[PDB]
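[1] As a preliminary step, the opening chains of the complex are given here in situ:
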Amino acid sequence: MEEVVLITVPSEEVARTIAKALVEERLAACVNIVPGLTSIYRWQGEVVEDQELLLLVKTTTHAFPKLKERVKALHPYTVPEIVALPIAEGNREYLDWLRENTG
Amino acid sequence: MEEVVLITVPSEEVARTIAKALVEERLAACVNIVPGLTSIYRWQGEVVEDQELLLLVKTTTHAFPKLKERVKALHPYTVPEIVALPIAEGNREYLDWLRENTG
């Protein structure tokens, strides 16, 4: 039920705006921003490159639907990367804090 | 059964101490330290920020209970982030090495 959601963004500005918005709105309890990424992906049968930052979002499956909505709104690109990885287990007290602070 | 455990820490000092302790004690076969994170989380109905490093720990569900104990002991904060993500599949020889070196 708890999840670590990955989202990449084009700038520190967007990274912080999204991280703050998600935590403020209780759609996530914690968000880690990892700067300096190089992203290589396919677009129109063409391999392109971009500079990005990674957001690691600690949330839940119940908040995810709302999280996607808020992210698509704040994110500048039409089809933003938003993928959730399941949390199999962890520090019990940490996960409780995670649920306790997510809506 | 094999897992990638995420742990964030406040300094390079703690990052290295925990990484070394886990590998030395065979509670993990490998630990990756990613520096330069910005963390934004909720605390007392207040969105706060911190500078951290991320540890990506390659371990197993059997070692996890012991890993949590050692991490809570070494980690300076009371409720440290310790979340395990399940490994669905991977390089067979790598995963064997992972189990072979984890207790």
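    That came through, no problem. Residues are numbered from 1 along each chain as shown, chains lettered A, B, ... in the order given.

[2] Those residues of chain A touching chain B, which are they?
    A:2, A:4, A:15-16, A:19-20, A:23-24, A:26, A:29-36, A:56, A:58, A:85-91, A:93-95, A:97, A:101 (Cβ under 8 Å from any Cβ of the partner chain). The way it works is simple: take the backbone N, C-alpha and C, and place the C-beta from them, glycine included.

[3] How about residues contacting stretch A:71-81?
    A:6-10, A:14, A:17-18, A:21-22, A:82 (Cβ atoms under 8 Å, 6 or more residues apart in numbering or on different chains).

[4] Check the residues you listed for burial and list the buried ones.
    Neighbour-count burial (16 or more other Cβ atoms under 10 Å in any protein chain shown) applied to the contacts of stretch A:71-81 gives A:7-10, A:14, A:18, A:21-22, A:82.

[5] Widest-spaced pair of those?
    A:10 and A:22 (17.1 Å; Cβ to Cβ).

[6] which residues sit in contact with residue A:48?
    A:40-42.

[7] mind redoing it with 10 Å?
    Contacts here follow Cβ atoms under 10 Å, 6 or more residues apart in numbering or on different chains; on that basis residue A:48 touches A:39-42.

[8] That one: which element?
    strand A:47-60 (DSSP states H and E).

[9] neighbours of residue A:57, just the number please.
    By other Cβ atoms under 10 Å in any protein chain shown, the residues close to residue A:57 number 25.

[10] That one and residue A:74, how far apart?
    13 Å (Cβ to Cβ, to the nearest Å).

[11] relative to strand B:47-60, how tilted is the strand holding residue A:48?
    Going by axes from the mean of the first three to the mean of the last three Cα atoms, to 10 degrees, strand A:47-60 is angled at 100 degrees with respect to strand B:47-60.

[12] throw chain C on there as well:
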Amino acid sequence: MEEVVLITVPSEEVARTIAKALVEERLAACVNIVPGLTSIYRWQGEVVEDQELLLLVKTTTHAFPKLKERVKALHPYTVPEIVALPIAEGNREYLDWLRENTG
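    Placed with the earlier chains, chain C looks like this:
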């Protein structure tokens, strides 16, 4: 079915070569390169250290077998780290793009 595959490499050179090769060959739709990692692992009952970069690969279980083959070929080390984490859910349009561009 969709997965986020983690791979660590010894240099930016290898990181880019593998990222490009996987996307070009439609074995992945996107690859993120995170530089500056410190890796601590066990080798011959000895805890060693290395400088690496992390590749976060967006792919599928159907492409994984082929991905492993290509990675082992391009990667300079015999037993490279290749671990897949399952994607529980995500931006539907993003995941479709992911499958649509992976073979």
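
[13] again for the contacts of stretch A:71-81, since chain C is there now?
    A:5-11, A:13-14, A:17-18, A:20-22, A:27, A:39, A:41, A:50, A:52, A:54-55, A:57, A:68, A:82, C:29-30, C:32, C:58, C:90-98.

[14] Show me these that map onto helices.
    Among the contacts of stretch A:71-81, the members found in helices (DSSP state H) are A:13-14, A:17-18, A:20-22, A:68, C:92-98.

[15] As a quick check, tell me the outermost residue of chain A.
    residue A:45 (26.7 Å; Cα atoms, centre = their mean).

[16] these two touch, right, that one and residue C:23?
    No - between residue A:45 and residue C:23 there is no contact under Cβ atoms under 10 Å: 11.1 Å.

[17] Find the residues that touch each one of the two.
    residue C:101.

[18] What is the burial count for the nearest residue to residue A:101 once chain neighbours are set aside?
    Leaving aside its chain neighbours, residue A:101 sits nearest to residue A:29 (3.9 Å; criterion: Cβ to Cβ, 6 or more residues apart in numbering or on different chains). When neighbours are counted by other Cβ under 10 Å, residue A:29 registers 26.

[19] what about residue A:37, neighbour count?
    18.

[20] What sits closest to it if chain neighbours are left out?
    residue A:52 (4.6 Å).

[21] from memory that neighbour sits against residue A:6, does it?
    No - with contact defined as Cβ under 10 Å, residue A:52 and residue A:6 do not form a contacting pair (11.2 Å).

[22] Report the set of residues contacting both of the two.
    A:34, A:81, C:32.

[23] Now for these, which sits with the most neighbours around it?
    Going by other Cβ under 10 Å, residue A:81 tops those with 27 neighbours.

[24] now the angle from the helix or strand harbouring residue A:66 to strand A:47-60?
    For residue A:66, the host element (DSSP H and E) is helix A:64-74. Angle of helix A:64-74 versus strand A:47-60, following the same axes, to 10 degrees, is 140 degrees.
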